[PDB]
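> Before I ask anything, let me first share the structure, which is written out below as structure tokens.
Cβ: placed from backbone, ideal geometry, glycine included. Neighbour counts: every protein chain shown. Only the coordinates and a few stated rules stand behind these numbers; no lab work does.
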Amino acid sequence: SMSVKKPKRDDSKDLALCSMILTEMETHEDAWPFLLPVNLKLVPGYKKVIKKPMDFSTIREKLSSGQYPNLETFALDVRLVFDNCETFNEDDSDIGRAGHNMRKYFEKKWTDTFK
């Protein structure tokens, strides 16, 4: 509350460490469905169904330009990528499986880096 603060967590490395995690996601072999925005002209259904499209390139630009106020907002957009993928893709598809794999990969890095 006013003039009563929990001890200050060092957040000065967060930007750099989120960039490294994002690099590792970008270079994963199952990243290919997620590297660029879904083409809303060429993928029937996507525009209407997926209210908040997100992809790694968009996260990378947001990161590089100070559009994440903190590391939680960064994790929200990464998770959004996988939640969108599950909304639109069957579990038993290459893209569906890619999404589950990448989410698992991300969540381990996240815990190991920050928890």
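> What is the sum of charges, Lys and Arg at +1 and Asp and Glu at -1, for the other residues whose Cβ falls under 15 Å from the Cβ of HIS100?
-4
> Assign unit charges at the C-beta atoms only (+1 for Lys and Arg, -1 for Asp and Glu), then state the dipole size of the chain relative to its Cα centre in Debye, rounded to the nearest 20.
In total the dipole reaches around 620 debye.
> Rank the residues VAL38, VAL4 as a footprinting-exposure proxy: fewest other Cβ atoms within 10 Å of their Cβ go first.
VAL4, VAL38
> Continuing with this model, one more query. Which of the pairs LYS47/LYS104; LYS51/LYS108; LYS52/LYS115; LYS13/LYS115; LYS13/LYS109 have their Cα atoms more than 19 Å apart in this structure?
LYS47/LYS104; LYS51/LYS108; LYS52/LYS115
> Here is a follow-up. What is the spin-label model distance, in nm, from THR111 to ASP11 if the labels are put 7 Å beyond Cα along the C-beta direction?
If labels sit at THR111 and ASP11, their model points lie 2.4 nm apart.
> Please give the length that would be gained between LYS47 and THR73 if that part of the chain were fully extended, namely 0.36 nm times their separation in residues minus their C-alpha to C-alpha distance (nm, one decimal).
That pair, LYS47 and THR73, stretches by 7.1 nm at full extension.
> For the pair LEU40/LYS62, report the inter-label distance in nm, with labels modelled 7 Å from Cα in the Cβ direction.
Result for the modelled spin labels: 1.5 nm.
> What value, in deg cm²/dmol to 500, does the helix sum -39500 (n - 2.57) over DSSP H runs of n ≥ 4 give at 222 nm once divided by the residues of the chain?
Computed ellipticity for the chain at 222 nm equals -18500 deg cm²/dmol.
> Moving on. Could you line up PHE74, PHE114 from fewest to most neighbouring Cβ atoms inside 10 Å?
Listing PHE74, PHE114 from fewest to most nearby Cβ atoms yields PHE114, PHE74.
> Based on the Cα gyration tensor of the chain, what are the three equivalent ellipsoid semi-axes, each the root of five times an eigenvalue, rounded to whole Å and given largest first?
29, 16, 13
> Stretch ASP92-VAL4 to full length: gain in nm at 0.36 nm per residue minus the Cα-Cα span?
26.6 nm
> Helix 14-27: angle to the longest alpha-carbon principal axis of the chain, degrees 0 to 90, nearest 10?
The angle comes out near 20 degrees.
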